[PDB]
Amino acid sequence: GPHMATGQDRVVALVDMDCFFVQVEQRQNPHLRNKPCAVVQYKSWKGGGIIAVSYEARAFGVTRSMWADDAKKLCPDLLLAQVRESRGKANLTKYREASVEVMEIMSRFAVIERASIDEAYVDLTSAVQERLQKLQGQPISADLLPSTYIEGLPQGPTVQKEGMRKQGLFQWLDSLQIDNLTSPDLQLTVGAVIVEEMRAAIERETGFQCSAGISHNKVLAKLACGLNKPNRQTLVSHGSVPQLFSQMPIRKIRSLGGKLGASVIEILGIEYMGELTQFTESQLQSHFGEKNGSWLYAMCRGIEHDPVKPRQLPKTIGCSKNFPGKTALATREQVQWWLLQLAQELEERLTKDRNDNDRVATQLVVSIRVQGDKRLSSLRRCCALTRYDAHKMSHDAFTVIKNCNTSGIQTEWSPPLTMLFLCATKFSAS
DNA sequence: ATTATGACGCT
DNA sequence: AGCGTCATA
Ligand SMILES: [Ca+2]
Ligand SMILES: [Mg+2]
Ligand SMILES: [Mg+2]
C-alpha cells in the first residue's frame, strides 16, 4: 500500500555508442561511411576476427566473433578496417581516445559512470529537477523528443516505423500530468528531453551516433537502450514493466546472461523475468543466496538500487595477448620477449595516464594461461609496481611466473604458454 | 584459433 | 590474495 516502495526515486540513463569501433573508423575514412563494414583484428588467420559490425553489415548476418573470411561469404562487398598493430599485438589506443571524447561531452550534462569503452550511465535526477523548475508547469512538446520511443506504446483502440514512434509518443504526452513536479513519469520524460540534448551534443561534436535508455535505475536503463537501436532512445516507465517483463527472457537482464540466469531458469522452472514475482523473497534467497535473492525479488518488480558511481576513468590499465594453437610460447626467450612487448605498451599507457589524470598505479598483476587448461586464466600473481619502466616490469613479471615452468630444461618452457597478461592496478593520487 | 580488455563477487 | 563470473568492442 502506502509504504510499498516502487523504485521511482531516480532518473537514470544508459548511453551506448552505436557500432562504436566502426564509427571511429568511418569518421577517419569517409569511404567507409554508410557501407557494410566491420572492424577486424589480425588478418593472417581466416582474414582476421571481427570485433565490430556496422548496421548495414548486420543486415547480411555479419556478427562479432565471426572470421572475416566467413563474413565475406555472407557479405561479399563487406569493407574492413584493421585494428592497429604495435609491438606485435593489437593496439586499441584509437578507440580509447575516441571514448574519452565522448565521456568528456557527457560529463558536461551530469555525473557519469564509465561502464565500458563505449557506454556510460548517467544520473539525471538533479538535472531533471532543475529543468522542471525552468519549465514552470509548461507542457512538453513532441518536438523536444524527436528520436524517443515510449516502451509499450502505442496501445489500444499507420504502417510505418516513424509513424508508430510518434503515435506512442503522442499517447504518452497526452496522458502526462505536468502540474505535478514529483510525478515519476514526468521526471522520466524530462530526463528523455535532456538525453536528446546530450545525444545531439555528442553527434555534433564528435560525429558519433548513439542510442540510450532512460528509466528509474541502471538495469532498466540498460535494457531500454537496447530496445531501439541504432540512433534512437527509449523510455521505460515503471508502469511498462509488468507487460515488458511478461515475455522478457531472463538472460536479457544484465547479470543474468550467464550461469546464475541459467540456474534461475532451471531451478524455478520459468522462462521470463515476470514469472519471478510469484516467489517470496525468502524463496529466492534460499536458492540464489541472500544478495541475489533480494536483488531478484526487487528486480522482477522493476526495482533496483545500485548507484551510478561517480567514475569516468578505468580502474585498471591492462595489456593482454593470446598465443593460440601452434603459436604457444615454448622457450624462455619467447616468454621474455613477449613480456617485454606487453610491458612496453603498458609503460606507454601508464605514463600517459599519470600525466593526464594525476594518479599512479601501485600493483602489477601478472596472469598466464598454459596449454590444456579450459579456464581463461590459469595463474594470477601480483608484485609491487614501483616504477614505470618496461624492462623492470617484464623482469618482475618473469620472476613471479618462472616457477610455473615444468621443463627440466631451463631454456625450454612447458607446458607452453597460451596467454600473457600484465595489469596495473591499485591507483593512488599523484 | 575470438581477442583484448575491464568491473565486481567469493572465500 | 587468488580465483571466478559477467560483460564490453
Ligand atoms: Ca555500443
Ligand atoms: Mg556497449
Ligand atoms: Mg555490442
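These numbers come from the heavy atoms of this one structure, side chains and all, not from hydrogens, waters or symmetry mates. Atoms within a ligand are numbered from 1 in the order they appear, just like the ligands themselves. A, B, ... follow the sequence lines: proteins, then strands. Residue 1 opens every chain.
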Could you work out, with side chain to side chain contact (heavy atoms under 4.5 Å, CB included) as the rule, every residue matching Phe427(A), not counting sequence neighbours?
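With neighbours one apart ignored, the set is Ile317(A), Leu350(A), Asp353(A), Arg359(A), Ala361(A), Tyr388(A).
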
Donor + acceptor pair across side chains of [X], [Y] (<3.5 Å):
| X | Y | answer |
| --- | --- | --- |
| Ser147(A) | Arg199(A) | yes |
| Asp185(A) | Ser183(A) | no |
| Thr148(A) | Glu196(A) | yes |

Sequence neighbours excluded - side chain to side chain donor-acceptor pair (under 3.5 Å) pairs with any residue from residues 32-53 of chain A
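Sorted result for residues 32-53 of chain A: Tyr42(A)-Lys321(A).
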
Give a yes/no answer: is there an N/O/S atom of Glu119(A) under 3.0 Å from the Ca ion (ligand 1)?
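No, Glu119(A) does not qualify, because none of its backbone or side-chain N, O or S atoms lies under 3.0 Å.
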
Quick one: pull up CG in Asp396(A) and CG in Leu385(A) and give me the separation to the nearest 0.5 Å.
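Nearest 0.5 Å value for the CG-CG distance: 8.0 Å.
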
Of all the N, O or S atoms in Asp16(A), which has the shortest distance to the Ca ion (ligand 1)?
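It is OD2, the N, O or S atom of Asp16(A) closest to the Ca ion (ligand 1).
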
List-wise, which protein N, O or S atoms are found short of 2.8 Å from the Mg ion (ligand 2)?
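As for protein N, O or S atoms lying under 2.8 Å from the Mg ion (ligand 2), they are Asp16(A) OD1, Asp118(A) OD1, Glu119(A) OE1.
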
What pairs with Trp338(A) under ring pair (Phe, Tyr, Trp, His ring centres under 6.0 Å), at least two apart in sequence or on another chain?
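For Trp338(A), the residues satisfying ring pair (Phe, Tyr, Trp, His ring centres under 6.0 Å) (neighbours in sequence not counted) are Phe323(A).
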
Can you give me the OD2-the Ca ion (ligand 1)-O angle for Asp118(A) and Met17(A), to 10°?
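So the angle at the metal works out to 80°.
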
